[PDB]
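Heads up, target.txt below (compact mmCIF, C-alpha atoms):
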```txt
# COMPACT_ATOMS: atom_id res chain seq x y z
CA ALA A 1 0.00 0.00 0.00
CA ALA A 2 1.05 3.59 -0.68
CA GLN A 3 -0.13 6.69 1.15
CA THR A 4 0.89 9.79 -0.79
CA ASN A 5 1.69 13.14 0.96
CA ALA A 6 2.19 11.25 4.24
CA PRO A 7 3.68 12.95 7.29
CA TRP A 8 7.47 12.89 6.75
CA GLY A 9 8.03 10.45 9.68
CA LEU A 10 5.76 7.79 8.11
CA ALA A 11 7.54 8.22 4.75
CA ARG A 12 10.93 8.01 6.55
CA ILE A 13 10.11 4.73 8.31
CA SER A 14 9.43 2.94 4.98
CA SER A 15 12.41 4.49 3.14
CA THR A 16 16.14 3.86 2.60
CA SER A 17 16.59 7.67 2.13
CA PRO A 18 15.31 10.93 3.71
CA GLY A 19 13.39 13.45 1.65
CA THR A 20 10.44 11.39 0.34
CA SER A 21 6.78 11.83 1.12
CA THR A 22 4.98 8.54 0.39
CA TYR A 23 4.53 5.94 3.16
CA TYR A 24 4.61 2.32 1.94
CA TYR A 25 3.34 -0.57 4.10
CA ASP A 26 1.80 -4.05 3.95
CA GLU A 27 -2.06 -3.68 3.87
CA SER A 28 -2.32 -5.95 6.91
CA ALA A 29 -1.48 -2.69 8.80
CA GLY A 30 -1.19 -4.11 12.32
CA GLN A 31 -4.62 -5.75 12.14
CA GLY A 32 -5.05 -8.24 15.06
CA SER A 33 -2.50 -6.45 17.26
CA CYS A 34 -3.02 -4.04 20.11
CA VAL A 35 -1.15 -1.01 21.35
CA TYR A 36 -1.57 0.55 24.76
CA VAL A 37 -0.78 4.26 24.87
CA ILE A 38 0.05 5.04 28.51
CA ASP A 39 -0.25 8.78 28.64
CA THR A 40 -2.81 11.59 29.18
CA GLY A 41 -5.54 9.48 27.53
CA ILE A 42 -6.92 9.23 23.96
CA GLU A 43 -9.75 11.10 22.40
CA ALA A 44 -11.40 7.90 21.06
CA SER A 45 -14.14 9.84 19.25
CA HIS A 46 -11.62 11.43 16.87
CA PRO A 47 -12.64 10.36 13.33
CA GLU A 48 -8.98 9.49 12.70
CA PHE A 49 -9.31 6.43 14.97
CA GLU A 50 -12.33 4.96 13.14
CA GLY A 51 -13.68 3.25 16.22
CA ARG A 52 -10.37 1.35 16.84
CA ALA A 53 -9.46 3.41 19.96
CA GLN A 54 -10.97 3.16 23.44
CA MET A 55 -10.05 4.24 26.96
CA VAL A 56 -9.55 1.27 29.25
CA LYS A 57 -8.26 2.88 32.47
CA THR A 58 -7.76 6.21 34.22
CA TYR A 59 -6.35 7.17 37.65
CA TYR A 60 -8.08 10.62 37.64
CA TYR A 61 -11.64 12.02 37.74
CA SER A 62 -11.99 11.40 34.00
CA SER A 63 -10.60 9.14 31.24
CA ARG A 64 -10.84 12.16 28.78
CA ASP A 65 -7.65 13.46 27.26
CA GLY A 66 -7.80 17.14 28.41
CA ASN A 67 -4.25 17.71 27.18
CA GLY A 68 -3.79 16.40 23.60
CA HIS A 69 -0.34 14.71 24.09
CA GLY A 70 -1.82 11.15 24.52
CA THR A 71 -4.09 11.67 21.51
CA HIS A 72 -1.18 12.88 19.40
CA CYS A 73 0.94 9.85 20.37
CA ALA A 74 -1.95 7.42 19.72
CA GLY A 75 -2.47 9.05 16.35
CA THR A 76 1.19 8.30 15.38
CA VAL A 77 0.73 4.67 16.46
CA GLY A 78 -2.55 3.99 14.69
CA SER A 79 -4.64 6.80 13.16
CA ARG A 80 -5.82 6.32 9.58
CA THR A 81 -3.82 9.30 8.27
CA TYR A 82 -1.04 9.91 10.75
CA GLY A 83 -0.41 6.36 11.99
CA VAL A 84 2.15 3.66 11.36
CA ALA A 85 -0.21 0.66 12.01
CA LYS A 86 -3.45 1.90 10.57
CA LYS A 87 -5.52 -1.16 11.60
CA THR A 88 -4.26 -1.77 15.18
CA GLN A 89 -6.54 -1.57 18.24
CA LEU A 90 -5.53 1.32 20.52
CA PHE A 91 -6.09 1.17 24.29
CA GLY A 92 -5.63 4.32 26.35
CA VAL A 93 -4.39 4.23 29.95
CA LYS A 94 -4.47 7.71 31.51
CA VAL A 95 -1.53 7.83 33.99
CA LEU A 96 -0.83 11.53 33.29
CA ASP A 97 -3.19 14.35 34.26
CA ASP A 98 -4.35 17.05 31.84
CA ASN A 99 -1.22 19.08 32.61
CA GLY A 100 0.87 16.13 31.35
CA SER A 101 2.11 15.22 34.83
CA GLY A 102 1.84 12.01 36.87
CA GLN A 103 3.33 10.65 40.05
CA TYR A 104 5.57 7.65 39.54
CA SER A 105 3.30 5.49 41.75
CA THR A 106 0.48 6.04 39.27
CA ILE A 107 2.71 5.40 36.29
CA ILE A 108 3.82 2.15 37.84
CA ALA A 109 0.24 1.11 38.60
CA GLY A 110 -0.60 1.81 34.92
CA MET A 111 2.24 -0.43 33.67
CA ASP A 112 1.20 -3.30 35.95
CA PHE A 113 -2.41 -2.69 34.86
CA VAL A 114 -1.45 -3.25 31.22
CA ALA A 115 0.44 -6.45 32.01
CA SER A 116 -2.77 -7.87 33.42
CA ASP A 117 -5.24 -6.11 31.19
CA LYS A 118 -3.88 -7.63 27.95
CA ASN A 119 -5.47 -10.88 29.22
CA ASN A 120 -8.83 -9.17 28.86
CA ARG A 121 -8.19 -8.04 25.24
CA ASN A 122 -8.23 -9.76 21.86
CA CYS A 123 -4.68 -9.29 20.40
CA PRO A 124 -3.88 -12.52 18.61
CA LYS A 125 -0.91 -10.90 16.71
CA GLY A 126 0.60 -9.45 19.86
CA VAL A 127 0.61 -6.55 22.28
CA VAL A 128 2.63 -3.29 22.39
CA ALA A 129 2.85 -0.52 25.03
CA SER A 130 3.99 3.01 24.14
CA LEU A 131 5.28 5.18 27.02
CA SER A 132 5.98 8.78 25.91
CA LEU A 133 6.87 9.83 29.45
CA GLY A 134 9.75 9.80 31.88
CA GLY A 135 11.54 11.50 34.75
CA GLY A 136 14.63 11.01 36.81
CA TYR A 137 16.14 7.60 37.51
CA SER A 138 13.92 5.27 39.61
CA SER A 139 14.70 1.63 40.13
CA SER A 140 10.98 1.09 40.82
CA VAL A 141 9.86 2.71 37.56
CA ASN A 142 12.42 0.64 35.62
CA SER A 143 11.31 -2.54 37.43
CA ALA A 144 7.68 -1.87 36.42
CA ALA A 145 8.63 -1.38 32.75
CA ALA A 146 10.75 -4.58 32.97
CA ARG A 147 7.74 -6.55 34.35
CA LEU A 148 5.44 -5.23 31.62
CA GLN A 149 7.98 -6.38 29.00
CA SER A 150 8.53 -9.73 30.75
CA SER A 151 4.74 -10.33 30.76
CA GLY A 152 4.80 -10.46 26.89
CA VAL A 153 4.26 -6.80 25.84
CA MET A 154 6.66 -5.00 23.48
CA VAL A 155 7.48 -1.96 25.61
CA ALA A 156 8.71 1.19 23.78
CA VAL A 157 9.72 4.20 25.91
CA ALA A 158 10.96 7.75 25.19
CA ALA A 159 14.65 8.40 25.70
CA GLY A 160 13.80 11.91 27.00
CA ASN A 161 14.23 15.51 25.79
CA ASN A 162 17.19 16.72 27.83
CA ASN A 163 19.99 16.46 25.15
CA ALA A 164 21.61 14.31 27.86
CA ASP A 165 22.64 10.69 28.56
CA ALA A 166 19.47 8.75 29.14
CA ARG A 167 21.08 6.54 31.81
CA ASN A 168 19.82 9.14 34.32
CA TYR A 169 16.12 8.89 33.39
CA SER A 170 13.39 6.24 33.90
CA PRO A 171 11.98 4.19 32.36
CA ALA A 172 14.48 5.24 29.57
CA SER A 173 17.39 3.59 31.43
CA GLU A 174 15.72 0.13 31.78
CA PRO A 175 17.81 -2.30 29.65
CA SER A 176 15.03 -4.77 28.82
CA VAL A 177 12.61 -2.26 27.13
CA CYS A 178 13.06 -0.44 23.81
CA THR A 179 14.41 3.08 24.43
CA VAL A 180 13.66 5.45 21.54
CA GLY A 181 15.64 8.62 20.59
CA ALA A 182 14.31 11.26 18.15
CA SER A 183 15.50 12.35 14.65
CA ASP A 184 14.51 15.11 12.23
CA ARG A 185 13.54 15.15 8.53
CA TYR A 186 17.14 15.75 7.56
CA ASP A 187 18.38 12.65 9.48
CA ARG A 188 19.95 14.72 12.26
CA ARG A 189 19.57 13.68 15.87
CA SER A 190 16.76 15.95 17.13
CA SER A 191 18.43 18.70 19.08
CA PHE A 192 16.63 17.86 22.37
CA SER A 193 16.96 14.08 22.03
CA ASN A 194 18.69 12.14 24.82
CA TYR A 195 21.33 9.63 23.72
CA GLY A 196 23.68 7.09 25.43
CA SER A 197 24.31 3.34 25.63
CA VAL A 198 20.73 2.63 26.88
CA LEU A 199 19.16 3.83 23.55
CA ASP A 200 18.08 1.00 21.30
CA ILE A 201 16.73 2.89 18.28
CA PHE A 202 15.78 6.31 16.82
CA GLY A 203 12.52 7.27 15.18
CA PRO A 204 11.06 10.49 13.69
CA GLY A 205 10.57 13.05 16.49
CA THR A 206 10.88 16.63 15.12
CA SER A 207 7.86 18.37 13.57
CA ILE A 208 5.45 15.36 13.65
CA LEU A 209 1.90 15.88 12.44
CA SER A 210 -0.79 13.83 14.23
CA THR A 211 -4.23 13.95 15.92
CA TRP A 212 -5.12 16.38 18.63
CA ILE A 213 -8.08 16.84 20.97
CA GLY A 214 -11.26 18.62 19.72
CA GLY A 215 -11.04 16.45 16.54
CA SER A 216 -8.08 18.49 15.34
CA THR A 217 -4.45 17.93 14.25
CA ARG A 218 -1.14 19.55 15.22
CA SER A 219 2.61 19.19 14.59
CA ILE A 220 4.75 18.90 17.76
CA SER A 221 8.24 17.54 18.62
CA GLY A 222 9.74 15.20 21.20
CA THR A 223 11.05 11.75 21.91
CA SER A 224 7.33 11.42 22.85
CA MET A 225 6.67 11.46 19.08
CA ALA A 226 9.47 9.09 18.10
CA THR A 227 8.37 6.39 20.61
CA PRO A 228 4.91 5.75 18.97
CA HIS A 229 6.53 5.35 15.54
CA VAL A 230 8.48 2.50 17.02
CA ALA A 231 5.43 1.16 18.94
CA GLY A 232 3.34 1.25 15.74
CA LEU A 233 6.17 -0.38 13.78
CA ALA A 234 6.41 -3.24 16.31
CA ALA A 235 2.59 -3.86 16.11
CA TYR A 236 2.84 -3.84 12.25
CA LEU A 237 5.77 -6.24 12.28
CA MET A 238 4.06 -8.56 14.79
CA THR A 239 0.93 -8.77 12.60
CA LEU A 240 3.23 -9.68 9.67
CA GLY A 241 4.63 -12.54 11.85
CA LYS A 242 8.16 -11.11 11.49
CA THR A 243 8.82 -10.76 15.22
CA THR A 244 7.28 -11.19 18.68
CA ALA A 245 7.02 -8.95 21.77
CA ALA A 246 10.13 -10.44 23.27
CA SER A 247 12.24 -9.98 20.14
CA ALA A 248 10.74 -6.88 18.41
CA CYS A 249 13.18 -4.29 19.75
CA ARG A 250 16.16 -6.46 18.61
CA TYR A 251 14.45 -7.11 15.31
CA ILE A 252 13.88 -3.35 14.70
CA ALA A 253 17.54 -2.71 15.55
CA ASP A 254 18.63 -5.61 13.27
CA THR A 255 16.59 -4.21 10.34
CA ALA A 256 17.13 -0.46 10.92
CA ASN A 257 18.74 1.98 8.56
CA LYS A 258 22.35 2.05 9.92
CA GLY A 259 24.87 4.83 10.12
CA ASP A 260 22.59 7.36 8.42
CA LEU A 261 21.98 9.80 11.28
CA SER A 262 24.17 12.81 12.06
CA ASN A 263 25.27 14.21 15.43
CA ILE A 264 24.94 10.85 17.09
CA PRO A 265 27.52 10.87 20.03
CA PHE A 266 30.21 8.27 20.05
CA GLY A 267 28.79 5.20 21.79
CA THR A 268 25.11 5.75 20.98
CA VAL A 269 23.52 3.50 18.32
CA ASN A 270 23.16 5.01 14.81
CA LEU A 271 19.98 3.10 13.91
CA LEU A 272 16.80 4.55 12.44
CA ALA A 273 13.52 2.54 12.54
CA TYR A 274 12.62 1.15 9.15
CA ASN A 275 9.96 -1.28 8.10
CA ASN A 276 11.96 -2.90 5.19
CA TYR A 277 8.71 -3.04 3.27
CA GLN A 278 9.22 -3.82 -0.40
CA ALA A 279 6.10 -2.73 -2.36
```

Here is a file; write its structure as C-alpha cells.
Amino acid sequence: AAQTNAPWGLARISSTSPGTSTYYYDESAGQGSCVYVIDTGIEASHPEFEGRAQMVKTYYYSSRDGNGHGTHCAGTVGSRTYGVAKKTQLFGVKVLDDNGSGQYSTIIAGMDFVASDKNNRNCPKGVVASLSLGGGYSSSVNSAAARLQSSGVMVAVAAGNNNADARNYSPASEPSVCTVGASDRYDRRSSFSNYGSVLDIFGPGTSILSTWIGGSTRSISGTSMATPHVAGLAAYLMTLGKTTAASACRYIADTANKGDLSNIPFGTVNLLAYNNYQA
C-alpha cells in the first residue's frame, strides 16, 4: 500500500533515504495487534481512529484526554492518516493528568495494569505498550517497565528531551525495554533528544503531524513522538509474523537503517527505525 503526501516520519520509516513523502506498508497494517498508549488518555471519538481506539483505564476524575499529548501519540501509532499501524486496536491508559504530569506510583500502577489487562483483550498478533513519558532515575519505575515487558508486551519508551545521557532517566534507562531517541527530517539527531548506551533505536521526532483533541491535528516535537513510531512499527511487524514482543526491539535494531543519522555521540547506536517493506 502507498499513502501519498504522508507525514514525513511515516515516509521516513518505509524508506532507505530521507526526503520522500509517500509511506509504503503491507495492507495488513497491524490488524489483530493491540497497542496501549500510557499517557494523558486518547480522544477515542476522533474520526482518525475509526472506532479502533478506546479508553480502558484512568487514575483521575476522567478518562478524557484534556491535554492532547496522549491523543497525538496514539495518532502516530494507529490513526488512519497519521499512523504507522493503521488497523491496530488502541487502548488508552491515563496515567498523566491534563497538565501532562503524573506521580511515579500512578505510572507504575498503569504499567502493571497493562500487564494484566492484555489478558482481557483480543490481540492474537501481539501486544505493544507506548510510554511517551519519563523522569529522573527510579529503580521502581524501571522494574515496572521490565515486568510489563517480561509479561509479553513489546514496551517502547521515550529516551527523553534533555539532550543528555538517558542513563539518568526512567523508564528510559531500563535495559530490557526499547528506548527510543528522536531524529529530524534531515536525518539529524533531534536537538533535544537524549542519547547514550541505553538507547536502542531512533525514530522520527521533530515536527510530527498527528491527531489532537477537539477532533483536530497539530505538529509537535519530542522523543514522545518518536516512541509511537516504534510502537506502531512493532505492532505492524508482529501482525506480519516477522517478530514477537520479546524480540521486536532487537528485530527493529537488526533491520534499521544504519549509520545514516548525524550528530549521534560516540557510543550511541546510529539506527533509524525502518519497516523494510518492499512494495

Quote the spacing between atom CA of residue A:262 and atom CA of residue A:145 in Å to one decimal place. 29.5 Å

Find the spatial neighbours of stretch 36-43 of chain A, counting only C-alpha atoms, within a cut-off of 8 Å - ignore same-chain residues fewer than 2 positions away - and output them as a short mmCIF file (atom, residue, chain, number, x, y, z; two decimals) with C-alpha atoms, keeping the file's coordinate frame.
```
data_model
loop_
_atom_site.label_atom_id
_atom_site.label_comp_id
_atom_site.auth_asym_id
_atom_site.auth_seq_id
_atom_site.Cartn_x
_atom_site.Cartn_y
_atom_site.Cartn_z
CA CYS A 34 -3.02 -4.04 20.11
CA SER A 45 -14.14 9.84 19.25
CA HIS A 46 -11.62 11.43 16.87
CA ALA A 53 -9.46 3.41 19.96
CA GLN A 54 -10.97 3.16 23.44
CA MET A 55 -10.05 4.24 26.96
CA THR A 58 -7.76 6.21 34.22
CA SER A 63 -10.60 9.14 31.24
CA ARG A 64 -10.84 12.16 28.78
CA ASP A 65 -7.65 13.46 27.26
CA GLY A 66 -7.80 17.14 28.41
CA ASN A 67 -4.25 17.71 27.18
CA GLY A 68 -3.79 16.40 23.60
CA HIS A 69 -0.34 14.71 24.09
CA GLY A 70 -1.82 11.15 24.52
CA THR A 71 -4.09 11.67 21.51
CA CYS A 73 0.94 9.85 20.37
CA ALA A 74 -1.95 7.42 19.72
CA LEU A 90 -5.53 1.32 20.52
CA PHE A 91 -6.09 1.17 24.29
CA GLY A 92 -5.63 4.32 26.35
CA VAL A 93 -4.39 4.23 29.95
CA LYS A 94 -4.47 7.71 31.51
CA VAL A 95 -1.53 7.83 33.99
CA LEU A 96 -0.83 11.53 33.29
CA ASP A 97 -3.19 14.35 34.26
CA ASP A 98 -4.35 17.05 31.84
CA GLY A 100 0.87 16.13 31.35
CA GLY A 110 -0.60 1.81 34.92
CA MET A 111 2.24 -0.43 33.67
CA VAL A 114 -1.45 -3.25 31.22
CA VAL A 127 0.61 -6.55 22.28
CA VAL A 128 2.63 -3.29 22.39
CA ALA A 129 2.85 -0.52 25.03
CA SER A 130 3.99 3.01 24.14
CA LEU A 131 5.28 5.18 27.02
CA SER A 132 5.98 8.78 25.91
CA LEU A 133 6.87 9.83 29.45
CA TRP A 212 -5.12 16.38 18.63
CA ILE A 213 -8.08 16.84 20.97
#
```

When you draw a straight line from atom CA of residue A:269 to atom CA of residue A:16, how long is it in Å?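 Going from atom CA of residue A:269 over to atom CA of residue A:16 covers 17.4 Å.
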
List the spatial neighbours of residue A:230 as a PyMOL selection string - criterion: any atom at most 10 Å away, only C-alpha atoms, same-chain residues fewer than 2 positions off excluded. chain A and resi 13+76-77+84+128+130+155-157+178-180+201-204+225-228+232-236+248-249+252+272-275

Using all atoms listed in the file, the shortest atom-to-atom distance to residue A:167 among A:210, A:194, A:183, A:21 belongs to A:194

Test item: residues at most 12 Å from residue A:124, all atoms listed in the file, excluding those fewer than 5 positions along its chain, as a compact mmCIF listing (two decimals) with C-alpha atoms, in the coordinates of the input:
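Contents of selection-v3.txt, as written:
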```
# COMPACT_ATOMS: atom_id res chain seq x y z
CA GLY A 30 -1.19 -4.11 12.32
CA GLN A 31 -4.62 -5.75 12.14
CA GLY A 32 -5.05 -8.24 15.06
CA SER A 33 -2.50 -6.45 17.26
CA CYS A 34 -3.02 -4.04 20.11
CA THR A 88 -4.26 -1.77 15.18
CA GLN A 89 -6.54 -1.57 18.24
CA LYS A 118 -3.88 -7.63 27.95
CA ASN A 119 -5.47 -10.88 29.22
CA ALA A 235 2.59 -3.86 16.11
CA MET A 238 4.06 -8.56 14.79
CA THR A 239 0.93 -8.77 12.60
CA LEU A 240 3.23 -9.68 9.67
CA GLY A 241 4.63 -12.54 11.85
CA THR A 244 7.28 -11.19 18.68
CA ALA A 245 7.02 -8.95 21.77
```

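Minimum atom-to-atom distance to residue A:258, evaluated using all atoms listed in the file, belongs to A:187 out of A:113, A:224, A:229, A:187.
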
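The space between atom CA of residue A:99 and atom CA of residue A:158 spans 18.2 Å.
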
Just checking: using all atoms listed in the file, which residue out of A:102, A:215, A:126, A:51 ends up closest to residue A:78?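 With all atoms listed in the file as the atom set, the closest residue is A:51.
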
Nearest-residue call for residue A:218, choices A:186, A:161, A:7, A:25, using all atoms listed in the file: A:7

Which residue, A:264, A:271, A:199, A:182, has the smallest gap to residue A:9 when you use only C-alpha atoms? A:182

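Using all atoms listed in the file, the contacts of residue A:5 at a cut-off of 12 Å, with sequence neighbours closer than 4 positions omitted, comprise residues 9, 10, 11, 12, 19, 20, 21, 22, 23, 24, 81, 82 and 209 of chain A.
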
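Ranking A:125, A:268, A:217, A:115 by their shortest atom-to-atom distance to residue A:166, with all atoms listed in the file included, puts A:268 first.
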